[PDB]
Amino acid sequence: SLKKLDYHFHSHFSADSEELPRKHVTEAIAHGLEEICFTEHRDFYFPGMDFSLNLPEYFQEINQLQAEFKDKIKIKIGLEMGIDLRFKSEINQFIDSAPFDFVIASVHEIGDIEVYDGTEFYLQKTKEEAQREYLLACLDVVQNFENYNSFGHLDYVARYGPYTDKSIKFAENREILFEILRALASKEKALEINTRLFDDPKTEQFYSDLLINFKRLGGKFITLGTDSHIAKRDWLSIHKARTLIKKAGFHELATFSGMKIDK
């Protein structure tokens, strides 16, 4: 059995969420989760929107919840760090400035163009081109940045854009995905299974292919998260992901304390 957890979600501390931290905790307890990790956004110099994070307030609030719910659920304090290698030193100073339990590395913008609905990123660009550019940016991060635990949402690019079918297929991106997966395994990083798009069977297929090939290429650590920006969760999607993880041959999920793997 896998530990019942959620290792990716956002509350009002993140610039694009307004949820109560307490409501995440009570929803988690109601479902019977054993452990959760808040992963609020920090992205440096983000285009169009400030993803800043008030660390004193964030730690204070979660620390109070840790004490209050100590006997009901384990609560960790983490970070979703948007990565851009141009800002590597500043990003590292930020990560090193507070005792985060867990850090997700994510790609949200490339060359100051946000990867999102309605941006220049998808303008006059085929889906195949957008996917390749997105995955090349992910590979660049994995090859040149080390200060994180898990690599976030590899299917992020498939959430957005003007295409009739936004899905991402493993086979169409096989070479770059193998390189990313092997690099993650080689550096003992976790692969995140992100359930945002798990309502779509093509998302399930994509993550199944990621999982099986990650195992083939030496991967060991898997994290699991909803990426929910509200307390309400799609538990069916979480259950679908847990099934895929077990079927791929992983029998444990990775959890972290002070950025070290719990053993």
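One rule holds for the numbers: they count along the sequence shown, beginning at 1.
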_2-10 versus 254-262 - greater average Cα B-factor per the deposited record_ = 254-262
*Would you determine, from the values in the PDB entry, which of 46-54 and 195-203 has the greater average C-alpha temperature factor?*
46-54
*Between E90, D117, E80, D112, where does the Cα B-factor run highest in the record?*
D117
*Out of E133, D101, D155, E172, which one has a C-alpha B factor higher than all the others in the entry?*
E172
*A67, C-alpha B-factor rank within chain (lowest, middle or highest third)*: highest
*Using the B-factor values recorded in the entry, state whether the Cα atom of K232 falls in the lowest, middle or highest third among the modelled residues of its chain.*
highest
_Cα B factor band for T223 (lowest, middle or highest third within the chain)_ = lowest
_Please say which third, lowest, middle or highest, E34 falls into when its CA temperature factor is compared across its chain._
middle
*Which third of the chain holds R182 when residues are ordered by C-alpha B factor: lowest, middle or highest?*
middle
